[PDB]
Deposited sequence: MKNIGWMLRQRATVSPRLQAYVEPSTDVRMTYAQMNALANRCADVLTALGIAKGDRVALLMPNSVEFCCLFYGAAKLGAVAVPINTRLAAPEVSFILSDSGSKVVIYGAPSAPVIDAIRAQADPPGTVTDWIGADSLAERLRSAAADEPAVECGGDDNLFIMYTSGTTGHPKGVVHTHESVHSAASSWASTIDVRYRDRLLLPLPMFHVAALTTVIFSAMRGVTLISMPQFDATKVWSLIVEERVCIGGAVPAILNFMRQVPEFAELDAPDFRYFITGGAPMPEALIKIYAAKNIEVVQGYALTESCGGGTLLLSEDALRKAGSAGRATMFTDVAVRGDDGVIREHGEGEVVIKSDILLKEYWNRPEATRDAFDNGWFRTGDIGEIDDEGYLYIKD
């Protein structure tokens, strides 16, 4: 069976001296050997807090090596990370903690106020035995052991619970996450030693899967914890970024800054845009800059995977969400229940990248699946070439 944590170890074994995480803004530059060691200390720290296989650890913090290593360490422990949107209000963060039954909550400085609020409410999440702040985690990490955990877990074992839209918790496994990373890596043109910019919050499925397939392929992560269009281009150029994760809104802003005028980044190949098709205009603007765009359709339920529109079709098939990625089958379910390859209907997905279930939501989990196919609740059309178009 596969284990996302073991994969980090295997990458540190194959490419120990290869850079894994580079965050200029914070002076952080680490190789895979060092990041795997930090992951082991994170696991040793979690274990000391009482975390055991299956227990949930909530992550409410800014992008950082620690954020990544904490979830990789949990992966080796067989624990379940619960990445939480740091922009939510105390009430919503509390509901997530109680609903998931998180045993330990690790939060960042900016989340101190929101946590103090929760710990001061009339009825706080009673499952939380520990509230670990940033500086507190920094100390535990210094003393922590860096040996490799010896827990036999992986495959179908829960790994992540990602809340989406009250919110439902999407539960992903080592195998669903492994499959999702593999789908990405085998579909887009990513290669050994590429340097990939991650400027989106890690609590999102897309960002999470990106961090993961990056380690799988030996990609160096270039981190911009706090997006800042005023400095993205310099970062892109300086760190020799090859690939960049982004959303249409972000790309729109970036083409505004004055550094875009005479922008010259020969190492940059393409941006990876999530959701909301790219307007034919914005694509041409980046094209007339030698910048390609890869976009697609994905759900938290499909671990950030689904369909992808390769750069070469970006203009020819404008508006399309692309075609099913490697290890993913996408079709349309008629209101009659019949699933067809082409035509219109509700978009359905059959792939190992799919969630195992919604957390403690038997009915929702049951209605989400139809004989092996996941019902997205989205209407769409699939043309003769297999291109998908999402509708209402």
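Student: What gaps appear when the modelled C-alpha atoms are mapped onto the deposited sequence?
Tutor: That part of the chain that was deposited but carries no coordinates is 166 to 169, and nothing else.
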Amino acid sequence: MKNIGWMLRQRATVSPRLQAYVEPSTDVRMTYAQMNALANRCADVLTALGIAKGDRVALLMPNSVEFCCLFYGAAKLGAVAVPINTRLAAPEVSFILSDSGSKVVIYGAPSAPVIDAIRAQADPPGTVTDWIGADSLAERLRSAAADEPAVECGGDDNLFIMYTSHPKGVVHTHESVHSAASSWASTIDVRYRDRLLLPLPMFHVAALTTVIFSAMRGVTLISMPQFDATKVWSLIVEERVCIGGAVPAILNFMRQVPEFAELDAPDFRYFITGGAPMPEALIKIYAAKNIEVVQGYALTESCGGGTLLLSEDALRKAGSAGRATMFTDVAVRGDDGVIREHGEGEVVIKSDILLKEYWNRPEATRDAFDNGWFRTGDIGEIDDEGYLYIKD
From here on, numbers count along this sequence of modelled residues.
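Student: Mean Cα B factor from the PDB record: higher for 256 to 264, or higher for 105 to 113?
Tutor: According to the entry, 256 to 264 carries the higher average C-alpha B-factor.
Student: Higher mean Cα B-factor in the deposited model: 70 to 78 or 129 to 137?
Tutor: The entry gives the higher C-alpha B-factor average to 129 to 137.
Student: Would you mind checking which of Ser183, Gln121, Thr220, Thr173 has the top Cα temperature factor in the PDB entry?
Tutor: So the option with the highest C-alpha B-factor is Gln121.
Student: At the C-alpha atoms, which of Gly306, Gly244, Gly154, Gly274 reaches the highest B-factor in this entry?
Tutor: Answer, based on the entry's C-alpha B-factors: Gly274.
Student: Sort the modelled residues of this chain by their C-alpha B factor and say whether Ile339 lands in the lowest, middle or highest third.
Tutor: For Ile339, the deposited C-alpha B-factor lands in the highest third.
Student: Could you say whether, by C-alpha temperature factor, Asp352 belongs to the lowest, middle or highest third of its chain?
Tutor: Tercile = lowest for this residue's CA B-factor.
Student: Which third, lowest, middle or highest, does the C-alpha temperature factor of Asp44 belong to within its own chain?
Tutor: CA B-factor rank for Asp44: middle third.
Student: Using the B-factors in the PDB entry, rank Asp27's C-alpha atom against the chain and give the third, lowest, middle or highest.
Tutor: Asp27: CA B-factor falls in the highest third of its chain.
Student: Split the chain's modelled residues into thirds by Cα B-factor; is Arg193 in the lowest, middle or highest one?
Tutor: Its C-alpha B-factor, which the entry lists for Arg193, ranks in the lowest third among residues of this chain.
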